[PDB]
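S.K.: Any chance you could fold what I've pasted below:
(9 chains)
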Amino acid sequence: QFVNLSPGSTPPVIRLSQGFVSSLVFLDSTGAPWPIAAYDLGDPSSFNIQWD
Amino acid sequence: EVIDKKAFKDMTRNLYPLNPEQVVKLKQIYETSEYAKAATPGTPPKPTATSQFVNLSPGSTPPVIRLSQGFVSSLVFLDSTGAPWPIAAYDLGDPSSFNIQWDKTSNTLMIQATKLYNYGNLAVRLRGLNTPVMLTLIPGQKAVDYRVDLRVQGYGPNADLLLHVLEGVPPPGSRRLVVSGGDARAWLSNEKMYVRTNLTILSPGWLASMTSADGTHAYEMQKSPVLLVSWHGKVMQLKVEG
Amino acid sequence: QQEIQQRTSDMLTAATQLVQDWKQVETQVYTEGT
Amino acid sequence: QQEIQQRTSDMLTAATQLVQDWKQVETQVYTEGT
Amino acid sequence: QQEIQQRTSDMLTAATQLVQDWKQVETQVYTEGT
Amino acid sequence: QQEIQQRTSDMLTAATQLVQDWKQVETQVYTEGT
Amino acid sequence: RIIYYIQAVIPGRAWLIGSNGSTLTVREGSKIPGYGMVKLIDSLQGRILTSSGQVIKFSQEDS
Amino acid sequence: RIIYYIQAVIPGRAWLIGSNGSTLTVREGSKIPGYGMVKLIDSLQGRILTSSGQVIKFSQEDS
Amino acid sequence: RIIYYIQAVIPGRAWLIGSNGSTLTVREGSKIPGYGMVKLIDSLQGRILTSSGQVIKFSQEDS
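M.R.: Numbering: from 1, shown residues only, chains lettered A, B, ... in the order given. Let me share the structure:
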């Protein structure tokens, strides 16, 4: 998908299901890898994240 | 000898008193109950993002923030020029209804509402700003503001639209322009035509031009309803309206 | 008439639970950042 | 005439379970690191 | 027709046994090798 | 008649023995050598 | 004229933004230019009416 | 013209995507260009009913 | 044409690999090239019933 920064646009939506591993690898429009400085998670009981 | 068959059948029935399709239906029943519990009565709010300006005028009404319980909003502070301004300190009344993780070097606030429908306010003091900024935070609105950007009247320690167009974002305030014959994105806001393509304009001559590393071009010119574009050794002509 | 007092008590116990909720005014925290 | 109140009690137990399931709120977590 | 309820008993114990098995799923694990 | 139950109960004992024999799975071992 | 859209609606008070972007907060006893006073505010569903009879509501884009 | 397919479905709101990729979310009362407005949102069965006599389904390739 | 074979069979949905080798998840509501529409899916013994009267099963070489 495309990631937008205008305020009027909509944030992306990701489908999940219980008992599965969804892999999210974060790139740009040019396809280069981009490291993640930090992240914030809501309901860590219901959502588990592993991140080197 | 049929006593053995009777006892085997009784042992089977008492060992496994559940039919497999009854087991399947009970699993579906449990999923139905999970849908009942996880269903949200009323109306889910619309996920949105917003950007406002906060004024130092005493007569100005203070800004307010739509919030949701269990969802974290990201507050980003910029100056008048849009440069980021690092945060010196902050104060939060009613710490039960709200929690906030904030990296001390950063300028972005991750604010999560904990209670249901209790509103409060936040006091923010920046690095270069003497004036405290107070924001009224109200939970449970029909539009959940995932990301709020706030301009300020001052300037931080750090001191355009064509490049945003070259990215692909439409410029602010412009009106939609519909073209004919080609595939180009055009806008007009201050009677100056702005065009974004991957092709090359030929006829009127660009007043200012820019391009990216992939091959996308953006130009600004004056008003012209007729354009001429040549590519791959062949020349074609396109038109717009208004 | 004999139903009032049982309807009194659960009204009484819940409202005393409710009226003690509007007593707590928790203190704020001034957090410094550097 | 007694079935109504015992099912009422069972639904009250289920309701208490549901309200203690809906009262709590998980907090956010934050993670950094170079 | 009191012969029903004893079969209702052990089925309830069996189904409630399965409903906590289906309730929980243990989380993933992550490993490494350099 | 009365001959069914003791013909049923012993079959229940062997069946309850036999299920956990079918249940468990012995974990493999990987032996790395040099 | 400038169209007012609701920003924040609570019992008692209300918050409006103009179509130009005029931020404001009102209550039941209030003065709205171009629309008169306020006669009734429903905090549920954002059903806010002016004394002259125009209805101020949220945007259709933001519902 | 412009074609819409379901991106995500919840009770209450609905998420769709465009033929050009335009992703969006709608209310129960939401006047959608090219399709009129939504008569009713059904969370089950994957049906998005419009007042233009058209029901949005998912992408059949991506189901 | 391309003859399909089963490589993964569960209740609910199935999987088809052809002579080209394209592995496809197939539902009850799903079209299929060379077979029309999947009329029914039998998870037992690997039987895929189509609207064209054709049953996709496993290979005789690899059942």
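S.K.: residue of chain C with the smallest distance to chain G?
M.R.: Using Cβ to the nearest Cβ, the closest approach of chain C to chain G is made by residue C:22 at 16.1 Å. Every residue, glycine included, has its C-beta placed from N, CA and C.
S.K.: tell me the SS of that residue?
M.R.: Three-state call for residue C:22 (DSSP: H, G, I helix; E, B strand; the rest coil): helix.
S.K.: how close does it sit to chain B?
M.R.: In this view, residue C:22 and chain B are 12 Å apart by Cβ to the nearest Cβ, to the nearest Å.
S.K.: which ones are touching residue A:12?
M.R.: Counting by Cβ atoms under 8 Å, 6 or more residues apart in numbering or on different chains, residue A:12 touches A:1, A:3, H:23.
S.K.: go on, residue G:3?
M.R.: Counted by Cβ under 8 Å, 6+ apart, residue G:3 has contacts G:18, G:19.
S.K.: The residue nearest the centre of chain G pairs with what?
M.R.: Central residue of chain G (Cα atoms, centre = their mean): residue G:56, 4.6 Å from the mean position. On the basis of DSSP bridges, residue G:56 is bridged to residue G:48.
S.K.: these two touch, right, it and residue G:4?
M.R.: Yes: Residue G:56 is in contact with residue G:4 according to Cβ atoms under 8 Å; the separation is 4.9 Å.
S.K.: Give the intersection of the neighbour lists for these two.
M.R.: Shared contacts of residue G:56 and residue G:4, counting by Cβ under 8 Å, 6+ apart, come down to G:16, G:32, G:35.
S.K.: Which residue comes closest to the second one once chain neighbours are left out?
M.R.: Of all residues not flanking residue G:32 in the chain, residue G:50 sits nearest, at 5.7 Å (Cβ to Cβ, 6 or more residues apart in numbering or on different chains).
S.K.: contacting residues around that neighbour?
M.R.: Residue G:50 sits next to G:32, G:35, G:36, G:37, G:38, G:39, G:56 when contact means Cβ under 8 Å, 6+ apart.
S.K.: wait, which of these is closest to chain A?
M.R.: After measuring the contacts of residue G:50 against chain A - Cβ to the nearest Cβ - the closest member comes out as residue G:56, at 21.5 Å.
S.K.: what's the spacing between stretch A:35-52 and its chain's center?
M.R.: In terms of Cα atoms, centre = their mean, to the nearest Å, the centre of stretch A:35-52 is found 9 Å from the chain centre.
S.K.: If we ignore the residues flanking it in sequence, what's nearest residue G:41?
M.R.: Residue G:41 sits nearest to residue G:48 (Cβ to Cβ, 6+ apart), 5.3 Å away.
S.K.: Now do that neighbour against residue B:62, distance only.
M.R.: To residue B:62, residue G:48 is 20 Å away according to Cβ to Cβ, to the nearest Å.
S.K.: same question, residue C:29
M.R.: 21 Å.
S.K.: distance of the residue located most distally from the centre of chain A from residue B:179?
M.R.: Centroid-distance maximum for chain A: residue A:8 at 19.8 Å, with Cα atoms, centre = their mean. To residue B:179, residue A:8 is 22 Å away according to Cβ to Cβ.
S.K.: now the end-to-end length of stretch A:41-49.
M.R.: End-to-end distance of stretch A:41-49 (Cα to Cα, to the nearest Å): 8 Å.
S.K.: part of a helix, is residue C:16?
M.R.: Yes: counting by three-state DSSP, residue C:16 is part of a helix.
S.K.: Just give the number of residues close to residue 24.
M.R.: Using chain A. By other Cβ atoms under 10 Å in any protein chain shown, the residues close to residue A:24 number 8.
S.K.: my bad, chain C
M.R.: Using other Cβ under 10 Å, residue C:24 has 7 other residues around it.
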